[PDB]
Amino acid sequence: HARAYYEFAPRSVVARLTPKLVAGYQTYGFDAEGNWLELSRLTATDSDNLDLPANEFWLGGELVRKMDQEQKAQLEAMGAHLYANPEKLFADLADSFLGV
Amino acid sequence: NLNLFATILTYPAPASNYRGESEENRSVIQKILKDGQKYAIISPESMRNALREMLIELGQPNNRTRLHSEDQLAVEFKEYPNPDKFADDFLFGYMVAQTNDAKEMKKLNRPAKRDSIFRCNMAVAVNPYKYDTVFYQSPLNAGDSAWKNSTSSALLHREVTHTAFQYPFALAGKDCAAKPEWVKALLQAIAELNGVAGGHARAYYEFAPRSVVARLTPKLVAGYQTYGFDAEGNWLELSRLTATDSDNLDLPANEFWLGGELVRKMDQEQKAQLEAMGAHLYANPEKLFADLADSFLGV
Amino acid sequence: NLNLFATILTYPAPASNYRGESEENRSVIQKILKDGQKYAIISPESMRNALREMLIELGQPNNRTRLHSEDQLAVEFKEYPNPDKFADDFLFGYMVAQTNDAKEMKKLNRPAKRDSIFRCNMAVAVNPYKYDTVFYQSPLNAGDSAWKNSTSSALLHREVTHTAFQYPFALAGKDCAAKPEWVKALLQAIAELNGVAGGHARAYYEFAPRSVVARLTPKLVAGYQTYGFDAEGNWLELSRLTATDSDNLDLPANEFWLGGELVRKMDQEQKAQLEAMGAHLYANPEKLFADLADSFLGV
Amino acid sequence: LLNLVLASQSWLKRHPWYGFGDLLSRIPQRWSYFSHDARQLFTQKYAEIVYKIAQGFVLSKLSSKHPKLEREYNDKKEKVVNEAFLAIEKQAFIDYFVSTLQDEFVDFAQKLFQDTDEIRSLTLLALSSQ
Amino acid sequence: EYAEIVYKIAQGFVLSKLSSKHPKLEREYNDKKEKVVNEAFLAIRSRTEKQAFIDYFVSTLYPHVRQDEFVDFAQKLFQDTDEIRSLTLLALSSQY
Amino acid sequence: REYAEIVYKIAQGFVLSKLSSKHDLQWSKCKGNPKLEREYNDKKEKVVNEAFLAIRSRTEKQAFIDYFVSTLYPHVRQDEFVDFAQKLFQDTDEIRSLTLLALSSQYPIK
DNA sequence: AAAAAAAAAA
DNA sequence: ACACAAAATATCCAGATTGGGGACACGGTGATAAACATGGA
DNA sequence: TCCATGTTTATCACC
C-alpha cells in the first residue's frame with residue numbers, strides 16, 4: 001500500500017562463487033543486523049584462504065567501510081574487494097561476467 | 001522525471017497522541033517494540049487528516065469535510081456532494097458496491113479505483129519511556145442541576161512522556177498533471193503541521209520541522225537509512241556526503257539540501273560542504289521548501 | 001486573522017504540590033522526568049481552574065461554581081451550558097455524555113460542542129533534586145473533647161523543592177459578538193494567576209510572571225522551542241538572532257514582544273542595537289499584555 | 001487440546017497457550033479469579049508460599065483494627081490484572097508483605113532477581129488478598 | 001551465586017543489628033522490630049531512585065561486624081549496581 | 001580493578017597503622033591468655049568507637065573542608081604515592097562513596 | 001530466644 | 001649552631017508515638033466486495 | 001460437438 005511504505009534498499013549485497021553449482025554458505029544464517037556475514041562465512045574464508053578461492057569470492061558487507069577496513073583490505077585476499085556503491089559493484093561484476 | 005523524498009523531526013515536548021482505550025482507569029498510548037524497548041507511534045492517518053484540514057484552511061477546492069453532529073464518527077462531504085471529479089491531492093476516492101452512480105462509467109468516465117499519489121510512513125520516537133507518570137481527577141457530577149447525572153465520583157490517571165520524534169515521506173516526480181499550483185500548496189503546508197494529534201486542550205504539540213534532507217538524483221530511492229536517528233540533533237551520514245567529486249565518487253553531493261540546526265552548528269566541515277557544489281546550506285526550512293518547490297516544478 | 005502564543009516563567013521560591021497520595025507516611029510531588037533527572041510537576045488543567053476562579057472577581061457570569069458540602073468533592077451547574085447567553089466560562093459549553101436526550105440541539109440547536117480557542121501545557125521545573133523533608137508530627141487531642149480525630153499521635157514528613165519553573169501557552173483564536181471584552185479580561189487576568197494548585201496555608205507561592213515573551217502574533221504558526229528560555233538565564237535573544245534574525249538582508253523576521261526582566265538587566269548598547277525594526281520592549285509585564293491585547297484584538 | 005495434537009512428545013508440559021488466547025479475548029470477552037491462576041504459569045516462562053504471605057498480611061491488618069465483597073473482589077483484581085497484561089513499584093507491596101512475615105527463604109533471592117520474574121511473575125498471587 | 005551471597009550477607013547485617021540492640025518479652029522484642037523496619041524503610045525511601053549512591057550511605061551508618069574478606073565482596077558490586085535494594089529489608093523478616 | 005584493590009589495601013594499611021599507634025603490633029602478646037585476649041579486644045572496641053566517630057563524621061564529610069580533614073586522616077602509608085595521589089583528584093564525587101565503604105573496613109573488633 | 005580471629009619492601 | 005624529650009585513664013543517650021475519613025468513570029460503533037462446475041442430444 | 005441452472009433453521013452449563 002502507499003502509506004507506511006517499505007522499500008528494498010540494497011546494502012552489503014555480497015556473494016560470489018566458482019563456475020560450479022550453488023554451495024558453500026547456504027545463503028542464510030545471519031544475525032539481527034548486528035554483524036551477519038562474519039560468523040556466517042568469514043571465519044571459514046579465513047580458515048580456507050587457500051582452500052576456498054578468495055580471489056574470485058571477494059569480500060562481504062559494506063560495513064567494512066566502517067570498522068576493520070584495512071585488516072580486511074590486505075590480510076584477506078588480493079581480489080577486487082571494492083565496496084563504495086552497489087551500483088558500480090554490479091556494473092563491473094556484470095562486465096566481468098559478460099567477459100567470459 | 002525528478003522524484004524526491006525527505007525526513008523531518010521536531011522539538012522535544014510532552015507527548016500528545018493519547019489513544020486512551022485501555023480501560024476505565026488508564027489512558028494507554030500506542031507502543032512499538034524496538035530492540036527490546038518501547039517507543040511511541042503516530043499512525044499516518046492522523047497526518048493525512050491534518051493535511052486535508054490544512055488544504056481546507058488555505059482556501060483550496062475540496063471534496064470532503066466532517067460534521068461533528070452525529071452519534072458516532074461520520075464524514076459527509078466526502079461522498080455526498082461530490083462526483084469525484086477532482087479530489088484534494090488527486091486521490092480520486094473509491095468505494096465498492098453493486099452500483100455507484102451507474103458504476104461511475106456513463107456520467108463520469110473515471111477508473112473505479114483511486115490513484116494515491118502521495119506517500120507517507122509511520123512516525124517513531126527516538127528515546128523510550130518509563131511507565132506511568134502523571135495523575136488525574138474527575139468531578140463528582142453536575143451536583144444541584146440534574147442534567148449530567150453521571151453519579152461517578154471517579155478518580156483516574158493517564159500517561160504522558162517527553163520525546164521528540166521524526167518521520168520520512170516521499171513524492172514521485174513523473175506526476176505532472178495540473179501540478180503547478182496544486183502540489184506546491186501541499187508542499188508549503190508540509191511546513192506547518194500544527195494540529196496533528198488526538199487532543200490539544202492540554203498537550204499542544206506542534207510538528208515544526210527542525211532539519212530536512214530532501215534530495216537525490218533523478219532515479220528511485222537509494223534508501224540511505226530513511227529513518228535516520230539523527231542522534232538527537234546530529235546526522236550519521238556526514239562521512240557519506242563529503243566526497244562531492246573525487247576518484248571514488250561514492251556519493252552524489254550535487255543534489256542535497258540541509259535544514260536549520262544542521263547548519264547552525266557552524267564548523268570548518270560546514271565550509272567544506274559549502275564550497276562543495278550542490279550543498280545549498282540553508283537556515284530557514286520554510287524558504288528551503290519554497291525554493292525546492294520552485295526548482296522542482298517550474299525547473 | 002492573527003494568531004499569538006507566549007511563554008512565561010515565575011520567581012524562585014520554595015514550593016510544594018502534594019499529588020501522588022502514595023501512602024500515609026509520605027507525600028510525593030514528582031510527576032515526570034527527563035534524561036535521568038526528575039524535573040516536572042505541573043498539571044496542565046489546574047491553571048484552567050485558577051482562570052475559572054479569577055473570572056469571577058472581574059465581573060463575569062459563571063456556571064461551575066464549586067461547592068464543598070457533601071463528603072465527596074463535587075461541583076454544581078446552572079440551567080444549561082450556553083455559549084451565547086453569557087460568558088459560558090469563556091465559551092466553554094461542553095459535551096454531555098448521556099443519552100437522556102432533551103438536548104438543546106432538539107430545541108435551541110446547541111450542538112453539544114465547545115468554543116475552546118485556548119491551549120496550554122504542563123509546567124516544567126529547572127532543578128532535579130526533590131529529596132528533602134521537614135519531619136513534623138500530628139498530635140492527639142485526648143483532652144476530654146467531644147470528638148477524636150485518629151486516637152493516635154503520628155510522625156510524618158512532607159517534601160519541598162526550591163525551583164522556578166516556566167509555562168507556555170497559545171491562543172490562536174478569533175473574536176465574535178461580545179467576545180473581545182471577555183478575551184481582554186482573560187488577558188488581564190492571566191497576569192496575576194494566584195492560588196495555583198489549590199489553596200496552601202503553609203506553602204505560599206505565586207505565579208507572577210517575569211521575562212514573558214510573545215511570538216509571531218500576525219502570521220500563522222511558525223514558532224519553535226516553546227520551552228526555550230531556562231537555566232535561570234535569557235535564551236530568546238540568541239534564538240532571535242539565530243532564527244528570523246532582526247536583519248532583513250538574509251534572514252527575515254517578524255514583530256516580537258519582550259518582557260521586563262530580560263531588559264531590566266542587559267547591555268545598554270544592546271537596546272539601541274536591537275532597534276532594526278524597533279521591536280517592542282517594556283519594563284513591566286502588565287503594560288506589555290495591555291498593549292499586546294490592544295494590538296491583537298484590533299481595537 | 002490443539003497443542004497435544006522429535007520435539008513434540010511431552011510438549012504439553014509447557015503448554016504455551018497464552019499468546020493467541022489472550023489477544024483475542026482482550027476487548028470482547030473481558031466482561032476474574034477463574035482465569036487469575038491461568039496466566040501465572042505463563043508469567044514465569046513458589047506458588048503456595050505467596051498464598052500464605054498474602055493471607056497473613058490481611059489477617060494482621062484486620063487484627064490490629066479489631067455480602068457484596070465478591071463483586072468488589074472481582075473489580076479490584078481486574079484493575080491490576082489488565083495492567084499486568086500490558087507489562088508484557090512491583091517490589092514495593094511484596095516488600096511490606098515480607099516485612100509482615102530458611103532454605104526456601106534463600107531460594108527467594110535466586111527466583112526474584114531475574115528481570116522476567118521481576119517484570120511479570122511476582123505481581124500475581126498477592127493480588128488475591130485485597 | 002550473587003543472590004545467595006547477598007542473601008547471606010543481608011542476614012549477617014540483620015543478625016549483627018539484633019545482637020547490637022541487646023515469657024511475653026520475646027513477643028514484644030519481636031513486636032518492636034515489626035515497626036523498626038517500617039521507620040527504617042521510610043529513611044531509606046528518601047534516597048536517589050538509582051540508589052547506587054544511597055546503598056553506600058545506608059550501610060555505613062548501619063552497624064556491621066564482618067562480611068567475609070571485604071576485598072572480594074565490595075569489588076563485585078560496582079559492575080552490577082541497582083540491585084541490592086531488592087532484598088535489603090527482606091532479610092530481617094527471617095530474623096523473627 | 002587496580003583502583004578498588006589499592007583502595008582496600010590502603011584501608012587495611014590504615015587499620016594496621018591505627019593498631020600500631022594504639023599498641024605494639026606483636027599479636028602473640030594479645031593471644032595465649034584469656035586476660036590478654038580480653039584487653040586486646042577491649043582496645044579493639046575502643047578503636048571501633050573511634051571508627052564510629054570517623055564514620056558519623058563521614059556522612060557530613062563531602063564537599064570541601066571536611067574533605068581536607070579526611071585527606072589529612074587516611075594514614076595511607078603507600079609505597080608509590082604518585083599514582084594514588086593523582087588517581088583520586090579526577091573522581092571528585094564518587095570517592096566519598098568508595099572511601100566510606102573502605103572505612104567500613106575499620107571494623108576488626110572481636 | 002542466638003555469637004567468630006594476625007602481618008611488609010628500595 | 002650541638003644533645004635530650006613530643007602524653008597518660010574513665011565515658012560516646014535514656015521514652016512515648018509512625019495518620020485518620022470518602023471516591024477509582026460515563027456512551028456510541030466493532031468490516032464491505034470481486035475472483036463457477038458439471039450435464040445430455 | 002454446446003445448451004442449460006441454484007438458496008429458506010432461530011440459542012444456554014458455573015461459583
# chains A, B, ... in the order shown; residues from 1 in each chain; ligands from 1
>>> residues_around(residues="segment 42-50 of chain F", least_positions_apart="4", cutoff="8 Å", atoms="only C-alpha atoms (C1' of nucleotides)", output="ChimeraX atom specification")
/F:18,22,38,54,106-110 /H:12
>>> select_by_dssp(residues="segment 104-156 of chain C", states="alpha helix (DSSP H)", output="ChimeraX atom specification")
/C:104-107
>>> calpha_fit_rmsd(fixed="chain C", moving="chain B")
2.6 Å
>>> interface_residues(of="chain F", to="chain G", cutoff="10 Å", atoms="only C-alpha atoms (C1' of nucleotides)", output="list in words")
residues 16, 25, 26, 27, 28, 30, 31, 79, 108, 109 and 110 of chain F
>>> closest_residue(among="B:254, B:7, B:161, B:99", to="chain C", atoms="only C-alpha atoms")
B:161
>>> residues_around(residues="segment 39-56 of chain D", least_positions_apart="4", cutoff="6 Å", atoms="only C-alpha atoms (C1' of nucleotides)", output="VMD selection string")
chain D and resid 60 120 to 121 126 129
>>> write_last_selection(atoms="N, CA and C atoms", output="compact mmCIF listing (two decimals), in the first residue's frame")
# COMPACT_ATOMS: atom_id res chain seq x y z
N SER D 60 -3.32 -9.81 59.69
CA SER D 60 -2.67 -8.89 60.61
C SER D 60 -3.32 -7.51 60.55
N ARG D 120 6.93 -9.60 35.50
CA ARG D 120 5.57 -10.12 35.43
C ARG D 120 5.24 -11.27 36.37
N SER D 121 6.20 -11.83 37.10
CA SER D 121 5.92 -13.05 37.87
C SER D 121 5.37 -12.75 39.26
N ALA D 126 -0.22 -12.33 45.00
CA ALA D 126 -0.55 -11.45 46.12
C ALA D 126 -1.84 -10.67 45.89
N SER D 129 -5.43 -11.22 47.80
CA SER D 129 -5.73 -10.84 49.17
C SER D 129 -6.66 -9.64 49.23
>>> atom_distance(atom1="atom CA of residue 167 of chain C", atom2="atom CA of residue 125 of chain C")
9.4 Å
>>> residues_around(residues="residue 54 of chain E", least_positions_apart="6", cutoff="9 Å", atoms="only C-alpha atoms (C1' of nucleotides)", output="number ranges by chain")
E: 44, 47-48; F: 97
>>> write_last_selection(atoms="N, CA and C atoms", output="compact mmCIF listing (two decimals), in the first residue's frame")
# COMPACT_ATOMS: atom_id res chain seq x y z
N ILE E 44 15.24 4.93 54.28
CA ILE E 44 15.95 4.53 53.06
C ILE E 44 15.19 4.99 51.82
N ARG E 47 16.02 8.51 49.30
CA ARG E 47 17.31 8.31 48.64
C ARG E 47 17.12 8.32 47.12
N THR E 48 18.19 8.54 46.37
CA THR E 48 18.07 8.60 44.92
C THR E 48 17.47 7.31 44.35
N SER F 97 31.82 8.00 48.27
CA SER F 97 31.06 6.77 48.39
C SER F 97 31.96 5.55 48.44
>>> residues_around(residues="residue 6 of chain E", least_positions_apart="5", cutoff="10 Å", atoms="only C-alpha atoms (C1' of nucleotides)", output="list in words")
residues 106 and 109 of chain D; 1, 11, 12, 73, 77, 84, 87, 88 and 91 of chain E
>>> write_last_selection(atoms="N, CA and C atoms", output="mmCIF file, in the first residue's frame")
data_model
loop_
_atom_site.group_PDB
_atom_site.id
_atom_site.type_symbol
_atom_site.label_atom_id
_atom_site.label_comp_id
_atom_site.auth_asym_id
_atom_site.auth_seq_id
_atom_site.Cartn_x
_atom_site.Cartn_y
_atom_site.Cartn_z
ATOM 1 N N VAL D 106 16.150 -18.646 51.157
ATOM 2 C CA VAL D 106 17.309 -18.387 50.310
ATOM 3 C C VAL D 106 16.916 -18.449 48.839
ATOM 4 N N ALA D 109 15.790 -15.201 46.750
ATOM 5 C CA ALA D 109 16.743 -14.319 46.085
ATOM 6 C C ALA D 109 17.030 -14.780 44.661
ATOM 7 N N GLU E 1 24.726 -17.551 42.538
ATOM 8 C CA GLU E 1 25.921 -17.179 43.286
ATOM 9 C C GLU E 1 25.754 -15.809 43.929
ATOM 10 N N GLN E 11 21.432 -11.295 55.792
ATOM 11 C CA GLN E 11 21.159 -11.980 57.052
ATOM 12 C C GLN E 11 22.234 -11.670 58.084
ATOM 13 N N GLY E 12 23.482 -11.545 57.637
ATOM 14 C CA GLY E 12 24.555 -11.184 58.548
ATOM 15 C C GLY E 12 24.368 -9.812 59.168
ATOM 16 N N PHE E 73 34.045 -8.937 48.367
ATOM 17 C CA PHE E 73 32.636 -8.558 48.363
ATOM 18 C C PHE E 73 32.418 -7.193 47.722
ATOM 19 N N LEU E 77 30.299 -5.635 43.467
ATOM 20 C CA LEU E 77 29.047 -4.895 43.375
ATOM 21 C C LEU E 77 29.148 -3.622 42.541
ATOM 22 N N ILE E 84 20.759 -4.149 44.933
ATOM 23 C CA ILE E 84 20.881 -4.553 46.331
ATOM 24 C C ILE E 84 19.605 -4.242 47.108
ATOM 25 N N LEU E 87 16.489 -6.735 48.153
ATOM 26 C CA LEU E 87 16.385 -7.606 49.318
ATOM 27 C C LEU E 87 16.939 -6.959 50.581
ATOM 28 N N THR E 88 17.261 -5.663 50.552
ATOM 29 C CA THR E 88 17.940 -5.030 51.680
ATOM 30 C C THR E 88 17.101 -5.036 52.950
ATOM 31 N N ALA E 91 15.550 -9.427 54.560
ATOM 32 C CA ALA E 91 16.330 -10.326 55.406
ATOM 33 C C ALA E 91 15.832 -10.320 56.845
#
>>> select_by_dssp(residues="segment 12-124 of chain B", states="strand (DSSP E)", output="PyMOL selection string")
chain B and resi 31-34+37-42+119-120+123-124
>>> write_last_selection(atoms="C-alpha atoms", output="PDB file, in the first residue's frame")
ATOM      1  CA  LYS B  31       3.619   1.425  21.530  1.00  0.00           C
ATOM      2  CA  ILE B  32       6.104  -0.393  19.302  1.00  0.00           C
ATOM      3  CA  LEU B  33       8.801  -2.907  20.246  1.00  0.00           C
ATOM      4  CA  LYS B  34      12.210  -1.697  19.028  1.00  0.00           C
ATOM      5  CA  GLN B  37      12.395  -1.225  24.268  1.00  0.00           C
ATOM      6  CA  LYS B  38       9.051   0.507  23.789  1.00  0.00           C
ATOM      7  CA  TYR B  39       8.617   3.557  21.553  1.00  0.00           C
ATOM      8  CA  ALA B  40       5.725   5.870  20.739  1.00  0.00           C
ATOM      9  CA  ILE B  41       3.757   5.615  17.483  1.00  0.00           C
ATOM     10  CA  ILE B  42       1.619   8.056  15.497  1.00  0.00           C
ATOM     11  CA  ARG B 119       3.231   8.510   0.123  1.00  0.00           C
ATOM     12  CA  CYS B 120       3.996   8.553   3.841  1.00  0.00           C
ATOM     13  CA  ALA B 123       6.348   8.270  12.875  1.00  0.00           C
ATOM     14  CA  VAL B 124       8.565   6.678  15.527  1.00  0.00           C
TER      15      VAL B 124
END
>>> interface_residues(of="chain F", to="chain E", cutoff="10 Å", atoms="only C-alpha atoms", output="CSV table (one decimal) with C-alpha atoms, in the first residue's frame")
chain,number,residue,atom,x,y,z
F,1,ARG,CA,40.3,-3.1,39.0
F,3,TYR,CA,41.7,1.2,41.8
F,4,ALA,CA,39.4,-0.8,44.1
F,5,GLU,CA,42.1,-3.3,45.3
F,6,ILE,CA,44.5,-0.5,46.1
F,7,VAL,CA,41.8,1.3,48.0
F,8,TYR,CA,41.2,-1.9,50.0
F,9,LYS,CA,44.9,-2.3,50.5
F,12,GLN,CA,43.9,-2.4,55.6
F,52,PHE,CA,32.2,5.2,64.5
F,55,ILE,CA,32.0,7.2,60.0
F,56,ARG,CA,29.4,9.5,61.6
F,58,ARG,CA,32.0,10.9,57.0
F,59,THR,CA,28.3,11.5,56.2
F,94,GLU,CA,32.4,9.2,43.9
F,96,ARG,CA,33.3,9.8,49.0
F,97,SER,CA,31.1,6.8,48.4
F,98,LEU,CA,34.0,4.4,47.8
F,99,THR,CA,36.0,5.7,50.8
F,100,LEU,CA,33.1,5.3,53.2
F,101,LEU,CA,33.0,1.7,52.1
F,102,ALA,CA,36.7,1.5,52.6
F,103,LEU,CA,36.4,3.0,56.1
F,104,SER,CA,33.8,0.3,56.8
F,105,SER,CA,36.9,-2.0,56.8
F,107,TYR,CA,35.9,-2.9,61.9
F,108,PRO,CA,38.1,-5.8,63.0
F,109,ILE,CA,36.6,-5.8,66.6
F,110,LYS,CA,36.4,-9.1,68.5
